[PDB]
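Chemist: Dumping the structure here so I can ask a few things about it.
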Ligand SMILES: Cc1cc2c(cc1C)N(C[C@H](O)[C@H](O)[C@H](O)COP(=O)(O)OP(=O)(O)OC[C@H]1O[C@@H](n3cnc4c(N)ncnc43)[C@H](O)[C@@H]1O)c1[nH]c(=O)[nH]c(=O)c1N2
Ligand SMILES: Cc1cc2c(cc1C)N(C[C@H](O)[C@H](O)[C@H](O)COP(=O)(O)OP(=O)(O)OC[C@H]1O[C@@H](n3cnc4c(N)ncnc43)[C@H](O)[C@@H]1O)c1[nH]c(=O)[nH]c(=O)c1N2
Ligand SMILES: O=c1ccn([C@@H]2O[C@H](COP(=O)(O)OP(=O)(O)O)[C@@H](O)[C@H]2O)c(=O)[nH]1
Ligand SMILES: O=c1ccn([C@@H]2O[C@H](COP(=O)(O)OP(=O)(O)O)[C@@H](O)[C@H]2O)c(=O)[nH]1
């Protein structure tokens, strides 16, 4: 029997990947298409939440730096006003030995204690010499670190930090993923800086970036979904996929509505997708994949931005005097990520945990802190005591004075946080993905295609764009198969207005010869 | 005043590049478009000539091996019948020291004389030992050859050969072009074969290949062209481009016709383009480029295929006992490249140059050899003497016995043969190309983009295809900018029937279900 609805291309999920698919679909305006999502609000893991007090929090804070001109076009289309954005320059430091070491760490050894600087340079020297002779390739992430950083920097930062964020040890991850993620320190550069006492903080695709004035990052994706025809969307309890029948190519929803498709773009976690397909083979395969969970903790504090905090953006915490691995001064991204000074709110408690001097509803201004803590089957965290643990950790790292007035807290656990680049991931994905494509299912996204190298808003978005382009125009999926290619170049060819539209438009008015 | 004709995309040239452009444009069926060529027969350098005796000759004995499904799709549409193609294994040797060394030369040291083998291995060892330690990249082509084969092979084969074909010293060429062209020998593999006396002729994309049954490669591009809407073509005198006005985006033709365009795909020699544009800056930039001319020599000889010839395909001649650098037994590719054994022809002359015993029309069968001689400002050739030179060369190399009966001769000089991969090349192209792209001009092709790495029918064809995909869909031009990426992978995404066509075909199937119902 024929399904309730029938389209050429069905997109499941409405995070960056899903809307990516939809934008290109909408642009081509060829094949019939439909996008569904179990959430009444688009944006997925790039959404913003608001506290009863009025503090916005992303999912661990988010930064926008595009490798793609198409991604830029779409953003400009949803927020065209020039006061819809704020442009920032990256100010990132690392909390080490009681000091703020400018990011990247491996280029600012200069800031460390002399005693430690000697440890690090001794390692880079040993490392640099072996590299001058090596011909083989690093097997594990750990081997990589040791070869590029030396044992010194590895024990002082790399190792302990990488466990803190990945929730797994360095020896158990691959190293084919760290192209533009982990900087390989140059011996000449590093020493020079140690001598002169200068800093190197320009490295990375993070240098400069822009943030949305209003709504957090989630505001972006709401604005993006608004440019799509509503009738082709279906968001909420009515859009939740409960069953996927690959063989007869139909999708059942929560309210039992069935959708027929020729091509499926699926952005949901691939392990859930396997369940929905009731496919025992793919189920075995997807459970070879490993992932960590993410707690996001938000704290709202009264008072003008402290001078010790300054223009700091996101900070790193390798040391063990706090659960979180990274921290963001979310209040610096936009003056609308917390209430205005006039808004009155009662202090809930002080930073040390003691009750506040006065519980009356006082005025701001306020500022905001965002923290991320990882959790996995190798690194457990107590969910009930983590919120306190973080505020304690904020004191231990001198992020907060014991006397600082806390006027808002935020805690949420995202079961699927990071797609872990383990040593088995590829062996498992090179099976899963092609098999799904043989069924005409393009499984894409942070958890759709499970590749951290290219997990990220712009990447995820383009994953959805290129899947549609592959399906329709025979494009090559560069971003999915060749991360180091799309990452090392300016991707400017594909625009929100290509020839195909400019041409059909002059064929409308037309005539002339 | 507006032009006589206007299109969204204008394609100049009906070689493999332009025909590539045309195929994709026809497949998309979106923007209006047109293709012009100054020749009545599509194909360009990939076409075929016939002797008044009935011998076919390509422009160098071309061979079809593809890195793209799209290229395959299009040829299959052109020549669908299965008796339209012959498939051949690559039987290729190098002539050295009176021996036939199997290609690739640097992997078959076994067949050389022992004394020569010694020089070659010694070089590989000294080269291998330095390769183990290198951290820099070779500057010139010569530095590359020494690093990867040693002084031995360098002096015996590479150096002399490469000049003989490029018409320039290796020291003047860059080395970023030889990804899949020049094999880098593996010391362990090489010595092993020297010991065991084994051969290794599987290397290269040339291993296996197919050849058209009829019309030579020329027949392919004729067939492919007949798949295009004729009214959108203009081949011959009426299609020769004389002038290009990049400012008001208009091309002028031989007969005075003017064509307006929104996007220009030019496959003509980029230097000719610069001249046609009357742009002084570009002309100055394109005369920094270098190229070599090619002479093609065709010989039709009477008799059964000599047992000394065998199933050989093409042969390399690094030595100086002959003017040509390469030779193909063109008659092995297809039985239709020469007249049938029952057609009677008079012997023109014997190989040694003497007059034939008899001058009556005798029968076949026949076979055919095709030769290539390179020419340049550093390597002149005497155009009036080259033919006899080649014939004489064939005798010196034992290709023809002085008594062989030559029944047909052929000679043609192509001014633009190879785009030379010189050291100054990229310095010139990295200006020329973007500058032209800023005028909405996609210059693409063997001499359109001037990159040997990515010259070759399938490469040229796809250069034309990805340009259109760039102009219309926003694709990235991979072949043009990233030769080693497209060369080292299977290109299966872009098809002659893409989704777009399927869904437009379903959407009109749905609008038919409501027409009557
Ligand atoms: C902690 C942390 C930190 C960062 C980031 C990630 C994380 C978690 N990101 C990356 C980012 O959040 C990510 O790439 C996108 O959110 C991924 O989009 P996806 O669409 O692939 O998944 P995502 O999860 O976002 O979307 C999936 C969606 O599909 C839906 N869905 C699932 N199952 C469904 C079903 N059965 N039926 C209907 N709908 C269903 C979900 O509800 C949702 O709408 C980021 N990026 C960046 O650029 N800069 C950064 O700094 C960071 N930092
Ligand atoms: C000696 C030799 C040997 C080989 C090969 C070439 C050569 C020279 N090739 C490569 C191959 O022949 C090549 O890549 C294509 O023929 C290049 O086609 P283009 O379109 O780029 O130029 P090409 O010259 O082929 O075509 C361009 C065209 O534009 C036209 N034109 C020029 N000016 C014009 C004007 N003003 N107005 C209109 N039209 C104009 C020309 O007349 C022609 O029709 C090959 N390939 C392969 O894969 N296997 C092989 O074995 C070989 N070997
Ligand atoms: O000072 C630093 C901080 C980060 N890292 C490495 O860089 C990777 C990516 O950092 P990023 O902040 O970009 O990852 P995110 O969590 O934001 O996606 C981490 O896994 C670390 O291994 C580093 O080399 N030096
Ligand atoms: O035995 C051989 C024959 C070829 N060459 C190299 O391969 C290149 C290309 O040869 P090919 O016949 O493939 O070029 P074509 O003329 O067919 O494009 C030449 O420049 C030589 O440097 C080589 O390394 N060994």
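Residue numbers (PDB author numbering), protein chains in the order written: chain D, 2 to 514; chain A, 2 to 518. All C-beta atoms in this analysis are idealised placements derived from N, C-alpha and C, irrespective of residue type, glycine included.
1. Sorry if obvious, but does the Cβ on residue 179(D) come closer than 8 angstroms to a heavy atom of ligand 3?
2. List in chain order the residues whose CB is within less than 6 angstroms of at least one heavy atom of ligand 3.
3. State yes or no: is the beta carbon of residue 444(A) nearer than 9 angstroms to at least one beta carbon in chain D?
4. For residue 28(A), count neighbouring Cβ atoms within 10 angstroms of its own Cβ and tell me buried if that reaches 16, exposed if not.
5. Does ligand 2 have a heavy atom nearer than 8 angstroms to the CB of residue 238(A)?
6. Would DSSP call residue 341(A) helix, strand or coil?
7. Between residue 430(A) and residue 451(A), which are expected to be in contact by the criterion C-beta below 8 angstroms, what is the C-beta distance as a whole number of angstroms?
8. Which whole-angstrom value describes the C-beta separation of residue 10(A) and residue 264(A), a residue pair presumed to lie in contact below a C-beta threshold of 8 angstroms?
9. Run through DSSP, which three-state label would residue 460(D) get?
10. Which first and last residues belong to the beta strand (DSSP E) in which residue 9(A) is found?
11. Check the Cβ-Cβ distances between residue 495(A) and every residue of chain D, and say whether any is below 9 angstroms.
12. Taking 8 angstroms as the cut-off, is the CB of residue 459(A) close to at least one heavy atom of ligand 2?
13. With a cut-off of 9 angstroms, does the C-beta of residue 177(A) fall near any C-beta of chain D?
14. With distances taken from CA atoms, which of 353(A), 231(A), 394(A) is nearest residue 371(A)?
15. Which same chain residues, not among the five before or five after residue 188(D), have their C-beta less than 8 angstroms away from its C-beta?
16. Quick check on the burial criterion: 16 or more other C-beta atoms within 10 angstroms. Buried or exposed for residue 288(D)?
17. Is residue 125(D) helix, strand or coil by DSSP?
18. Do the stretch 42-59 of chain A and the stretch 198-205 of chain A meet, that is, are 3 or more Cβ pairs less than 8 angstroms apart?
19. Please list, in chain order, the chain D residues whose beta carbon lies closer than 8 angstroms to that of residue 472(A).
20. Using DSSP with H/G/I as helix, E/B as strand and the rest coil, what is residue 310(D)?
21. For residue 440(A), write down the residues that DSSP places opposite it in a beta bridge.
22. For residue 448(A), verify whether its CB is less than 8 angstroms away from any heavy atom of ligand 2.
23. Check the C-beta distance from residue 162(A) over to residue 292(A) and give it rounded, since I have them as a contact under 8 angstroms.
24. Run the proximity test for residue 62(D): is its beta-carbon closer than 8 angstroms to any non-hydrogen atom belonging to ligand 1?
25. Starting from the C-beta of residue 484(D), find all residues in its chain whose C-beta is less than 6 angstroms away, skip the five residues before and the five after it, and write them out in chain order.
26. Please go through the stretch 40-105 of chain A and give each complete beta strand (DSSP E) segment of 3 or more residues, from N-terminal end onward.
27. Under the assumption that residue 228(D) contacts residue 79(D) (Cβ atoms under 8 angstroms), give the Cβ distance between them as a whole number of angstroms.
28. Have a look at residue 400(D) and residue 349(D) and give me their C-alpha separation to the nearest angstrom.
29. Do residue 300(A) and residue 392(A) have their C-beta atoms closer together than 9 angstroms?
30. Below 8 angstroms, is the gap between the Cβ of residue 241(D) and the nearest heavy atom of ligand 1?
31. Go through its chain and collect everything with a Cβ distance to residue 270(D)'s Cβ below 6 angstroms, but skip five positions before and after it.
32. Expressed to the nearest angstrom, what Euclidean distance is found between the alpha-carbon atoms of residue 443(D) and residue 434(D)?
33. Within the same chain, show all residues whose beta-carbon is closer than 6 angstroms to that of residue 92(A), passing over the 5 residues directly before and after it, in chain order.
34. If we count the other Cβ atoms within 10 Å of its Cβ and call it buried at 16 or more, is residue 505(A) buried or exposed?
35. Taking all protein chains shown into account, decide if residue 343(D) is buried (16 or more other Cβ within 10 angstroms of its Cβ) or exposed.
Modeler: The structure says:
1. yes
2. 95(D), 104(D), 105(D), 106(D), 163(D), 166(D), 182(D), 183(D), 184(D), 317(D)
3. no
4. buried
5. no
6. coil
7. 6 angstroms
8. 5 angstroms
9. helix
10. 6-13
11. yes
12. yes
13. no
14. 394(A)
15. 125, 126, 129
16. exposed
17. helix
18. no
19. 500
20. coil
21. BP columns for residue 440(A) are empty, so no partner.
22. yes
23. Going by Cβ atoms, the distance from residue 162(A) to residue 292(A) rounds to 19 angstroms, so no, they are not a contact pair.
24. yes
25. 454, 455
26. 86-90, 94-97, 100-103
27. 6 angstroms
28. 18 angstroms
29. yes
30. yes
31. 417, 448
32. 8 angstroms
33. 312, 313, 314
34. exposed
35. exposed
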